[PDB]
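> Submitted below is the structure of interest, expressed as structure tokens.
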Amino acid sequence: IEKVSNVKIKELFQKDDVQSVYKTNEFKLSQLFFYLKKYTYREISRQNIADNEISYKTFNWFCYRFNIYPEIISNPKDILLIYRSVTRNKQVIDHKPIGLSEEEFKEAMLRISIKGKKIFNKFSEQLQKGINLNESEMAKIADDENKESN
Amino acid sequence: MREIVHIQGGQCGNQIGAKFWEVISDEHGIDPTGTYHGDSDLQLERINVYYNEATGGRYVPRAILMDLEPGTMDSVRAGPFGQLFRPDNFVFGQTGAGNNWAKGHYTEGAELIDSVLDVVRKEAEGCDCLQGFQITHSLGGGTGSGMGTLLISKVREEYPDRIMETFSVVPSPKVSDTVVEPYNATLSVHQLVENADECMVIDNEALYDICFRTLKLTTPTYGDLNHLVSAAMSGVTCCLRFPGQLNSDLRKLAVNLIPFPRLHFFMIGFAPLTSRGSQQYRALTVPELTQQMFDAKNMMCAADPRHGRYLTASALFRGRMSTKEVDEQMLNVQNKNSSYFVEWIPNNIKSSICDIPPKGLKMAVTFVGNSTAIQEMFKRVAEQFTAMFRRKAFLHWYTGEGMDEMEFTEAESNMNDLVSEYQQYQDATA
Amino acid sequence: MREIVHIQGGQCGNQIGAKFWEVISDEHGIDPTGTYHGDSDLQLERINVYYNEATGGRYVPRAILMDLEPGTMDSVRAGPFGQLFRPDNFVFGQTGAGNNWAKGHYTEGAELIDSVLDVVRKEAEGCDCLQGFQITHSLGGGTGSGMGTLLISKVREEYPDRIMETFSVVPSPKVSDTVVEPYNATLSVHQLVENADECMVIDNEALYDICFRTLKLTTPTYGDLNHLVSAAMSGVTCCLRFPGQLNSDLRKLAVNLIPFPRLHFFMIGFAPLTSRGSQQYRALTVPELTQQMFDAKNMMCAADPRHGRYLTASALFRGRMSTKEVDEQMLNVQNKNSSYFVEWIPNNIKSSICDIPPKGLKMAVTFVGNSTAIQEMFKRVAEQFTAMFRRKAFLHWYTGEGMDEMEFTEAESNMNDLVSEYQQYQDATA
Amino acid sequence: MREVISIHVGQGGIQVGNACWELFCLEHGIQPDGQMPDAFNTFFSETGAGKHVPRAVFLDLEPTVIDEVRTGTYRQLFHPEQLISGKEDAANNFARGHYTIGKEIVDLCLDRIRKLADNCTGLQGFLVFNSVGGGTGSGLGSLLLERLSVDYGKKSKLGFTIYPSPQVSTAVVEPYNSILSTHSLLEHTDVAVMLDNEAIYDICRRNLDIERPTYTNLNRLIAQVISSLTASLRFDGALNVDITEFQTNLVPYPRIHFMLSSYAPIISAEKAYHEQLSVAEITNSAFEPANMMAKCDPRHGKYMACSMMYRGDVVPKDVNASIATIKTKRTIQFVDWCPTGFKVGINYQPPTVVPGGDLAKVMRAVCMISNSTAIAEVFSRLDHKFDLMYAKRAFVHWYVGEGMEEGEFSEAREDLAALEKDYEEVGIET
Amino acid sequence: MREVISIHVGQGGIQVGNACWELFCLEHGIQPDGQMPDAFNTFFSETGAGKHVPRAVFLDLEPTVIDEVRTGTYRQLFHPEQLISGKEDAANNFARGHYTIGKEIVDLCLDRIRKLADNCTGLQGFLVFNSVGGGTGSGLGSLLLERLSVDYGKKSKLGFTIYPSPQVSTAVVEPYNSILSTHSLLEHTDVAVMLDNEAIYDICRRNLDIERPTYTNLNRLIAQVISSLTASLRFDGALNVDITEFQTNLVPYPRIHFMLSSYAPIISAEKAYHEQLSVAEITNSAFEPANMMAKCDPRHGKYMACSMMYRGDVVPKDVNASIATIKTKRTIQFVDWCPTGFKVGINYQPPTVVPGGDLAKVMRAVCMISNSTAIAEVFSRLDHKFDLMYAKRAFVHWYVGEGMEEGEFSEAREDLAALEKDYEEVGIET
Ligand SMILES: Nc1nc2c(ncn2[C@@H]2O[C@H](COP(=O)(O)OP(=O)(O)OP(=O)(O)O)[C@@H](O)[C@H]2O)c(=O)[nH]1
Ligand SMILES: Nc1nc2c(ncn2[C@@H]2O[C@H](COP(=O)(O)OP(=O)(O)OP(=O)(O)O)[C@@H](O)[C@H]2O)c(=O)[nH]1
Ligand SMILES: Nc1nc2c(ncn2[C@@H]2O[C@H](COP(=O)(O)OP(=O)(O)O)[C@@H](O)[C@H]2O)c(=O)[nH]1
Ligand SMILES: Nc1nc2c(ncn2[C@@H]2O[C@H](COP(=O)(O)OP(=O)(O)O)[C@@H](O)[C@H]2O)c(=O)[nH]1
Ligand SMILES: [Mg+2]
Ligand SMILES: [Mg+2]
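Same order as they appear, the protein sequences are chains 5B, KF, JF, JE and KE. Residues 1463 to 1612 in the entry's author numbering are what the first sequence spells out, letter by letter. Residues 1 to 430 in the entry's author numbering are what the second sequence spells out, letter by letter. Residues 1 to 430 in the entry's author numbering are what the third sequence spells out, letter by letter. Residues 1 to 37, 47 to 439 in the entry's author numbering are what the fourth sequence spells out, letter by letter. Residues 1 to 37, 47 to 439 in the entry's author numbering are what the fifth sequence spells out, letter by letter.
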């Protein structure tokens, strides 16, 4: 059973939909990633992170601040699992914290999405029904899921 | 050498000086009879900064006391250390201003100021090398805010290259004791920006807040506020009177804290401050001093410093301590708070170390930071001024002594322009 | 190095600390004036674990005292060794909770906790290498069981990698002093399992039973129960302050006594304990210590340890003794009682030796065992809770301060799930 | 021009290093201060004038033992900055000392190793001591061995590991890290010697007649074994043996290098001189199964090769006459593919006695290092202990949360299964 | 018949001059009174009978430091009228000390320089010390260098400037005057050595194990470097080096003369004697990037030429055997057009120890002066800091009002751009 789960990932990471978020994540470098990077630059620990990477703290702050947690990802461990799954091949060099070199943060966001279908799964079901989710309906669905999860 | 003279005006300034000189005398071991009884050799090496020498070996402050009424100086003389002041320096009128700025700046203050300017000129011409002047006065009173500011212009006209300090108490809207405070505050701020090289605002509301929250004493009085202001005043010039690792006179602070000539309004704070019951719990370390130094409630002004970004900052450490720790802590306080520091000027914190601590304390810090958060005080002062002026309330008192509304309009416009151009740099980006 | 800070809340916790700190000071030879007067060199080598250093050479505990009413801290200050505590660390409110958990956790405890968290942060940021925190509080009171547990979550959120200790007194149904004990016990156990790294339950009923049967003293008082709890508390960290054959810090015990992250509720006991008249009859030997250590009546809880099977056990021997005897006796106590030890984890007893015995005793032992017999306490607490809740008795007091019955239902369900999954491993076989 | 460097890591390693370093200093006449009041060069180095510095390094993350070393009588001997110490202990967690805190310390240790190696010109090899059943010991030993195997390559490393006893145990989680460390040193160490405590306890009880032994008595016997092993490098002998002359004589295959030791005679001065201590009787006592230094029965398996060292006035013909008698006996049988299995070394220097110790002074002694097929039992029982708790994944969360992967436990199990299959495959006759 | 004159200007310059002048007096056996109770002639002069007078001059506009010098234990050593002092400080303003107050003082300094030079017969050259990030230091250093370059011409001048750290800074305006002073001394000084404080802080922390260093500890290391550089002029050696033999060996082109230094060994007496301090290990430590005396990474650039001095009992063959090892390493690469890049000097006198200091007594030491292409990073970061504030013309009014023209800032920027382009052009291979 364990071998089968391991065999199961990596294909999802290579999908165009995930890469587009991460393709859009290139645009996050274009603006969202530049803002996150600018927040990572406010961390003095930046000397330990590559100039093109974001820290786990900045990625967790992004997930919290953009309501990815708790609305889309109900469990904060899933953010850590996403981050670790994206950065899995990076070795810790010279005791420096592992940054999002291009996408361990993008891989962590995929694990949050996939890890817990939750708020984002409800948004996907509503969108598949042809219901245009306005921000007030999204907030209400997120509040209802957060109440069911607490 | 490089000494300064003391000039104070008004009742508030006289009460501030009455404690400032007591603090200085206690620091230098001078008895209230003018006789030295100190313990350390360093207590006498640089005593020429504030004290003159007379026959008989006694010392006399080079202070000049002025007011439009004789009561306050007749009262300060009977207080402790009141005999040090030379009787010749006392100049006063027989009428008073009645908290009217026009009377203390146009009609009555103009005729009297010649006598006080005579003694001011006598004091400055004589001294070895002048460093500058320091002024204590209140913006909430008529005679003070008028005569002091006109004297500022008269002194600046004759000594354009010397440095000028002003410790100014501005009227807060929370604790208001005079109804005509906005008028003479707004009129005074207009003249103060044009001539003062440095200005340090102090608020009674912030002093009460500090006394109630940090010291936690039950019944604050003017003596405690004066003592805090006096300690803050003494902390600035400590390294000019004592040796240290990095001496830094007033001119060096002027160079490093004023980016543009019109931005010279600072707010200050003193650390450490602890209650009587908790003075044994705490341990004095550089991290403990620096965490209290940048605390928002520790500022001597009600202005909230996390509502804006610091243009620059300064710290004057006292006592014997390692410089490496000071520098690393200054770096740490600037890396963890990058959002509140302007980004187009890097390394905007100045530090200095003096090896002589205050009497009774092992370490002390004086903080002087130029921040954009000071705009809120001028905003509320101008708001009250324009609320009262639109109906021409109390205007006849001022207009009956040769003043007109045009000088009010120009003052309001210049003050609003100052408010705008002070925040212009807050939104500036590189 | 690797030091810990002390935080206590409520009246019961304050009374426990008032004897714990006396015991520690007597162990280290610190006079009630903070001056060292000890005899041995080892008494000062590791004093940084619990005591800070201030000017003048005196020592001050790094303890933080909090309560919602000022009476208990105003009383502990007048007791012996009451002057050691820093006055700054005393934080209190003016209202109190009235044994209502909601008031001490939602309305009143939420606003006050910022001030105590400020001093907690001051204490932790400063120290050389943090080991962790230890918490003393009672589950039978409102303000304690509310504010302490919310503070646990707040501390855990900021220091996720440090270790956390809690010594918790749970309300027994035998000696009941408050009618609303089940509500705030059940509400507190819900939050305590999620954040505390270690928990040690203590019962007043077991303390009275011990005092009446083993010590055989006529009139027990709270001072004796506090002294026993204090000796047990000191025994855990002894080897962290003194050299020994096998040093074992708190983290090493955490590794070896907690098999699964949710099973961290231990019951403890101290040996030897003898009456005054029989202290000359007995001879202190390792067999005599180990036979009393595993005695059922010696446990600090009314839970009967032969009603279940030990998941693991720990012993912290004190004094100079041979290790071979300790190991063989531990093996013998495990071969003769194989029925009461779970079989799928072999060699489930941890031992440690410290060469410094308690003052006045030549040998001492502290026992910390994780057993499945603890389920009975949660069973009876939940039984009383569900007997009282089905009629919604006293529910309006809690529901009038923003709390609802849903949080009661979730707490009951989580507590029952804990009870079930704790005994799940009792019937597990290999 | 022949040198060797000894590495001591962990509490047990440091406590046995102290034991061997009293003995070496006593044997070479060096006072505890390091001053003599050409054989020293193997373990020491000359500083040019006066004192000698040991070629040893002490490692630990928990500072208590090092601090005890730096204040004892041997404070002047060791170089101050080769006693590398940490701040936080691994607390019996293997993943901590291999992934979390050991990595930041290992660089300093490697720098010290380089600085010691550049001084030596004829470096024979490394010695390492570590108690296996601990976090920092096993983890740092594994990491150091892995770094050294690639930094230096073909240099020989010898490991004197102390495995846990069959039933006697101090921790509850030591099988996990014992198995992981065996995995790590299986492919990284050239020689591993078995040293479990229970066998040595039985030896002390039966021969030394001590009923309450402590760790020092065990460590003195281990130190005597080390001295007997390394005597041939620093004393003249009729039949010398070098460290590099081992893998050619005791290691039939690269995987099989775990062997168990024995020593003889072990006797107290009260009854030593009543019997003649001939070479035949001591070499008979050395082969007795009850005198094995590890709790394994040699009667349960074949022998592969025996390397056994003599020292004193022994004559080679008497050694041959005793090897013949052992070959005669029917209870000791060698493997089929090994006709001769004995390597004999003879040295002239008699063993030295430590004052206040247990062993008496004798003129003849024998130390055997024997590789036998019976060693597989300890692996089988450790594997059985591991499987019981790994079936339910107990205590795994303490390891997964310290950076180690889930699958790392399985491959150590597979390597142990491979080793057990290899030991069975080798022992069958052709 | 060989002499050298050292110039000390500014607070940092005077405080490092004090540091070097305790060391020289101690090394030549001269008591602080100047009286001995033929090598002295390099730094001193004989008065005919008794005392010796240093060939040094102290400059400052701010009198505190000079007054401290004239009252310490060294009051009798220096000639009373070569401690030139001003009255008014420049206050970190470069334009002040170059245009306003420095001009009236520079004539006295030049008269003193002439009076000292007429005494010397074999004048090798001048030494100058100045902290760059200050007004009077940088300005007066620039003016003195400009006057000396035309008064004397081809005489060699060496500058030990202390540039600001990458991120750690004491002032807020130091990039401006640092850039201007670099402009001034680029075309006027033959050698400039990098000395920023952060690297030396890290050196002290890592090697000396001091966690709270002060400026004196830094200045003692700088004094030791100066003594090592100038030892070859006043002590017998197997391979001598003169000051004039530098621009022929370290300066490939007239523009490129900024190089960074290192020193080895740096170790305390508590752990110095435990290791042998061979020449190979010290020459390896000297080339470690973490032991650079300026915070620059040599791994980021090529080497151009290395001049490195030994002193003690070192033998040339051991030096050659270590230069070969360094040429072997793949992490250190030299520029293509330089096949050999090492100049080696050997002296016999071991370094002298100052009582109460940090460094211990050793028989071997190495000091390297290395010119590398990686130095351009400090210029680039200083340029980036300068541009940020010069974009908005901040703090410029403090300079324009002191006589300096507006365009003077731009040409320094152009010269730095030219220097950075030149460093890139040189480092490319053919
Ligand atoms: N022979 C012998 N074994 C010892 C001694 N001290 C400890 N041990 C063994 O070491 C095992 C545990 O490892 P320790 O050496 O005590 O501790 P550690 O190796 O430093 O690992 P940590 O617990 O993380 O500090 C125990 O099971 C003991 O059997 C000793 O003095 N002599
Ligand atoms: N290495 C070292 N640097 C120092 C020392 N004292 C001051 N500095 C440096 O000098 C810089 C400022 O110049 P200073 O020497 O302090 O003052 P100055 O050169 O006399 O210039 P003025 O401010 O006009 O008096 C600071 O940035 C410090 O880094 C010292 O004792 N040692
Ligand atoms: N700190 C301090 N402030 C004072 C004292 N006395 C008056 N003030 C302030 O001064 C203000 C009134 O100023 P006023 O006496 O009219 O100044 P004047 O017109 O120059 O005499 C009030 O708002 C007070 O807050 C004092 O003793 N100490
Ligand atoms: N051991 C001990 N227990 C006490 C003491 N005082 C009170 N208690 C226990 O604490 C319980 C009441 O707790 P309470 O005082 O209401 O806690 P609070 O609400 O935080 O103040 C009672 O059941 C007592 O058994 C004491 O001095 N020692
Ligand atoms: Mg240990
Ligand atoms: Mg200066």
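Quick reminder that beta carbons are idealized off the backbone N, C-alpha and C, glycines included.
Look up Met203 (chain KE) in the DSSP assignment and say whether it is helix, strand or coil.
Within the fifth sequence, residue 203 (chain KE) is the residue found at index 194, counting from 1. Strand at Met203 (chain KE).
> Look up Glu415 (chain KE) in the DSSP assignment and say whether it is helix, strand or coil.
Within the fifth sequence, the letter at position 406 stands for residue 415 (chain KE). Looking at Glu415 (chain KE) - three-state DSSP - the assignment turns out to be coil, as it is neither helix nor strand.
> Leaving out five residues on either side along the sequence, give the residues of the same chain with a beta carbon under 8 Å from the beta carbon of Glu288 (chain JF).
Taking the third sequence and counting its residues from 1, one reaches residue 288 (chain JF) at position 288. Taken in chain order, the residues that qualify are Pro272 and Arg282.
> Compute the minimum distance between the beta carbon of residue 44 (chain KE) and the heavy atoms of ligand 2, and state whether it is under 7 Å.
A break in chain KE separates 37 from 47, and the residue in question, residue 44 (chain KE), sits inside that break with no coordinates.
> Closer than 8 Å between beta carbons: that is the criterion. Which residues of the segment 92-119 of chain JE meet it against chain JF?
Result list: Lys96, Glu97, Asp98, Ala100, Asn101 and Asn102.
> Residue range of the alpha helix (DSSP H) that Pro37 (chain KE) falls in?
For this step, residue 37 (chain KE) is matched to residue 37 along the fifth sequence. Note, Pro37 (chain KE): premise wrong, no alpha helix (DSSP H); not H, not E.
> Taking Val60 (chain JF) as the query, report the chain KF residues whose CB atoms sit under 9 Å from its CB, ordered along the chain.
In the third sequence, the residue the question calls residue 60 (chain JF) occupies position 60. Chain KF residues near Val60 (chain JF): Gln280, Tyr281 and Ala283.
> So, for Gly436 (chain JE): in the same chain, excluding its five sequence neighbours on each side, which residues have a beta-carbon less than 8 Å away from its beta-carbon?
Here residue 436 (chain JE) is taken as the residue at index 427 of the fourth sequence, counted from 1. Only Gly310, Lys311, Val344 and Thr382 meet the Cβ criterion.
> Cβ closer than 7 Å: which chain KE residues qualify as neighbours of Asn48 (chain KF)?
Translated into positions along the second sequence, residue 48 (chain KF) becomes position 48. Correct list: empty, because the minimum Cβ distance to chain KE is about 12 Å.
> Give the C-beta separation of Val365 (chain KF) and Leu316 (chain KF) to the nearest angstrom, bearing in mind that I take them to be a contact with Cβ-Cβ under 8 Å.
Looking up residue 365 (chain KF) in the second sequence gives position 365. Looking up residue 316 (chain KF) in the second sequence gives position 316. Right, the Cβ-Cβ distance comes to about 7 Å (below 8 Å), so this counts as a contact.
> Between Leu86 (chain JE) and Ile209 (chain KE), what straight-line distance do the alpha-carbon atoms span, to the nearest angstrom?
On the fourth sequence, residue 86 (chain JE) is found 77 positions in, with the first residue counted as 1. On the fifth sequence, residue 209 (chain KE) is found 200 positions in, with the first residue counted as 1. Distance between the alpha carbons of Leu86 (chain JE) and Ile209 (chain KE) is about 31 Å.
> Given that a residue counts as buried once 16 or more other Cβ atoms are within 10 Å of its Cβ, and exposed if not, what is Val175 (chain KF)?
Position 175 of the second sequence, counted from the first residue, corresponds to residue 175 (chain KF). So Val175 (chain KF) counts as exposed.
> In terms of residues, what are the limits of the beta strand (DSSP E) holding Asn348 (chain JF)?
Residue 348 (chain JF) sits at position 348 when you count from the first residue of the third sequence. Element bounds for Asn348 (chain JF): n/a, residue is neither H nor E.
> Could you give the DSSP three-state label for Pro61 (chain JF): helix, strand or coil?
Walking along the third sequence from the start, residue 61 (chain JF) turns up at place 61. In the structure shown, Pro61 (chain JF) sits in a strand (DSSP, three-state: E or B).
> Tell me, please, whether the segment 414-424 of chain KE touches the segment 339-356 of chain KE by the rule of three or more beta-carbon pairs shorter than 8 Å.
No: the two stretches stay apart, fewer than three of their Cβ pairs being nearer than 8 Å.
> Under 8 Å, do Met415 (chain JF) and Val189 (chain JF) count as touching if we go by C-beta distance?
Stepping through the third sequence from its first residue, residue 415 (chain JF) is reached at position 415. Stepping through the third sequence from its first residue, residue 189 (chain JF) is reached at position 189. Yes, Cβ-Cβ distance for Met415 (chain JF) and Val189 (chain JF) is below 8 Å.
> From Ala299 (chain JE) to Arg121 (chain JF), what does the alpha carbon distance come to, in whole angstroms?
Looking up residue 299 (chain JE) in the fourth sequence gives position 290. Looking up residue 121 (chain JF) in the third sequence gives position 121. When rounded, the distance between both Cα atoms is 60 Å.
> Could you list which residues in chain 5B have their beta carbon closer than 9 Å to that of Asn347 (chain KF), in chain order?
As a first step, residue 347 (chain KF) is located in the second sequence; it is residue number 347 there, counting from the start. The contacting residues do not exist; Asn347 (chain KF) stays about 14 Å from chain 5B at best.
> According to DSSP, which residues form a beta bridge with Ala302 (chain KF)?
Residue 302 (chain KF) sits at position 302 when you count from the first residue of the second sequence. None; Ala302 (chain KF) has no bridge partner.
> May I ask you to report which of helix, strand or coil DSSP gives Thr214 (chain JF)?
By 1-based counting over the third sequence, the position of residue 214 (chain JF) is 214. Correct three-state label for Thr214 (chain JF): helix.
> Could you check the C-alpha separation between residue 1646 (chain 5B) and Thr1502 (chain 5B) for me, to the nearest Å?
The structure shown does not extend to residue 1646 (chain 5B), since chain 5B is modelled only from 1463 to 1612, so the question has no answer here.
> Can at least three beta-carbon pairs, one atom from the segment 56-74 of chain KE and one from the segment 87-94 of chain KE, be found at a separation below 8 Å?
Touching, yes.
> Could you tell me whether the Cβ atoms of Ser237 (chain KE) and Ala374 (chain KE) are closer together than 8 Å?
Taking the first residue of the fifth sequence as 1, we reach residue 237 (chain KE) at position 228. Taking the first residue of the fifth sequence as 1, we reach residue 374 (chain KE) at position 365. For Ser237 (chain KE) and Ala374 (chain KE), yes; Cβs fall inside 8 Å.
> Kindly list, in the order they appear in chain KF, the residues whose Cβ is closer than 9 Å to that of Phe404 (chain KE).
On the fifth sequence, position 395 is the one that residue 404 (chain KE) refers to. Simply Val255, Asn256, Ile258, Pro259, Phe260 and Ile345.
> Spell out whether any CB of chain KF is found under 8 Å from the CB atom of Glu77 (chain KE).
For the purposes of this step, residue 77 (chain KE) is taken as residue 68 along the fifth sequence, with counting starting at 1. Closer than 8 Å: yes.
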